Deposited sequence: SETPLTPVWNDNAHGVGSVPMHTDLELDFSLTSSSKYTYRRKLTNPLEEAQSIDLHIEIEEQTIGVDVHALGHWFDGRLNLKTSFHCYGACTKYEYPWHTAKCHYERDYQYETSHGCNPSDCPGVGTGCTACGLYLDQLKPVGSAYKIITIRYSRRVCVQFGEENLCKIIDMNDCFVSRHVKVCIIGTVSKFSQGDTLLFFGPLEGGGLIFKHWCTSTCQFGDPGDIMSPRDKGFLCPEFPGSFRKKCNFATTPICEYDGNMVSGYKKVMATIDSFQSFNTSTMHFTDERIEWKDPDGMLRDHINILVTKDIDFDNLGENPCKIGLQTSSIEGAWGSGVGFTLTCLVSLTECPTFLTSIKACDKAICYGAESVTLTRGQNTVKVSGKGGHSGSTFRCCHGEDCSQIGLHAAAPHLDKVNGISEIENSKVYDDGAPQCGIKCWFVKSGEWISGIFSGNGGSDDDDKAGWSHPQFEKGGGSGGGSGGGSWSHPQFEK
């Protein structure tokens, strides 16, 4: 007969036994503070200090670092071992030999492929001498005995698969590219000339033809960087503040003040809220195996061994997390005893050890995923 479930983040309330509601649309890039002494109607001398602090919206993007994009010049030469044999990016016809090669290479920016986008606000609530701070994801709720804070919002600026380009120390801003070349890179494309890491170019294709007249090449001669700069107003910029780059992840606060989200704060002073996720179930967790990759839009799968006690069944979520960042979650009805739960995730880096987690509790160790693009 019991069907415990903690996937509901929120409360049951009696609207007559609720004392305060704050409901408002808040500038995404703004913090908010509320302070009030909660006093009895007139029939006491007891007051409770309420102090709520909501921080500015933060974006967290799991990415794959693509390395640097380059500008360069396409040069044509004739040989009748070719002179341009040392050039990393080249193309030749063997009739008299005609040759193309890239030179005057210069990095113009750092590119990042978006894997996951998540927005959040840090929310701190003091009620009496209770003090609790939590990072609340957009469309999730802060839940406590006396205070509920729900954030509801939508943003459509960034999409998975977008490529972000930063031209300089671009704590400041960047460009969004929706068509960065991937499976086919031709000279002239956004992303045409890349260096994924320190050394080594991924060279673009040269789709045109040679003619042996003095060699000629009848394909495009203009680099992707120059073609993009020539129509730069066609592309979308974004701005950033307090950037935080870590391996395969970027966090910042978008200073775009045109964006808003919705905040609802409900307070009960005397009788506790009914926490809709309340349960007596107890969970133990360890990792079993992993497969798949970090830094990948295809992702990984973490297998967890999950022990349930004190309940016959428990509907809940098991997460793949590391250092308080979660990369995936699986909703599951656990049965008493041992359970095997597979969690699909995306993101992380080579040093990530993905742990099996429930709520704020995690396994003692995690597992590494494989590298992408091998």
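Novice: Please report every deposited-sequence interval that has no C-alpha in the structure, sorted by position.
Specialist: Residues lacking C-alpha coordinates: 1 to 5, 86 to 94, 110 to 129, 248 to 254, 416 to 495.
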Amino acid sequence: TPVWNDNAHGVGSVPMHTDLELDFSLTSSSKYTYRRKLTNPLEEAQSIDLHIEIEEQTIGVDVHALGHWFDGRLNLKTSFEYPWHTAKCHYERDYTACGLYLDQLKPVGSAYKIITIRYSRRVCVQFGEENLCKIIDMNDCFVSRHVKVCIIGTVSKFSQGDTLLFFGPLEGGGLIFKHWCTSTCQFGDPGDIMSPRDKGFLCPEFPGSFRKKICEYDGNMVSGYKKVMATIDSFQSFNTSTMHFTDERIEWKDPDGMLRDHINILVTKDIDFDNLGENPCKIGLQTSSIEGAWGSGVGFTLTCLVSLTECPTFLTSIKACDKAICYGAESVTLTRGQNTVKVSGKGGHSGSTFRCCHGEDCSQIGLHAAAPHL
From here on, numbers count along this sequence of modelled residues.
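Under this definition, the rigid core comprises the largest set of C-alpha atoms superposing within 1.5 Å between the forms.
Novice: After a core fit, does 83 to 91 or 261 to 269 show the bigger CA gap to the shown form in 5 other deposited structures of this protein?
Specialist: Stretch with the larger root mean square C-alpha distance in 5 other deposited structures of this protein: 83 to 91.
Novice: Which has higher Cα B-factors on average according to the PDB entry: 118 to 126 or 251 to 259?
Specialist: Stretch with the higher mean C-alpha B-factor: 118 to 126.
Novice: Mind pulling up the entry and telling me whether 134 to 142 or 81 to 89 has the higher mean Cα temperature factor?
Specialist: Taking the mean C-alpha B-factor of 134 to 142 and of 81 to 89, the larger value falls to 81 to 89.
Novice: For the C-alpha B-factor as written in the entry, point me to the maximum among 76, 181, 228, 176.
Specialist: Out of 76, 181, 228, 176, the record gives the largest C-alpha B-factor to 76.
Novice: Of 42, 306, 329, 63, which one's C-alpha B factor is largest in the deposited record?
Specialist: In the PDB entry, the greatest C-alpha B-factor among 42, 306, 329, 63 is found at 42.
Novice: Compare the C-alpha B factor of residue 31 with those of the other modelled residues in its chain, then answer lowest, middle or highest third.
Specialist: Answer is middle: the recorded C-alpha B-factor places it there.
Novice: Considering every modelled residue of the chain and its Cα B-factor in the PDB entry, is residue 340 in the lowest, middle or highest third?
Specialist: Middle third - that is where residue 340 ends up once the chain's C-alpha B-factors are sorted.
Novice: Select lowest, middle or highest to describe the third in which the CA B-factor of residue 241 falls within its chain in this entry.
Specialist: Middle third by C-alpha B-factor.
Novice: Is the Cα B-factor recorded for residue 218 in the lowest, middle or highest third of its chain?
Specialist: Ranked within chain, residue 218 CA B lands in the middle tercile.
Novice: Please rank the C-alpha B-factors of the chain's modelled residues and tell me whether residue 25 sits in the lowest, middle or highest third.
Specialist: CA B-factor rank for residue 25: lowest third.
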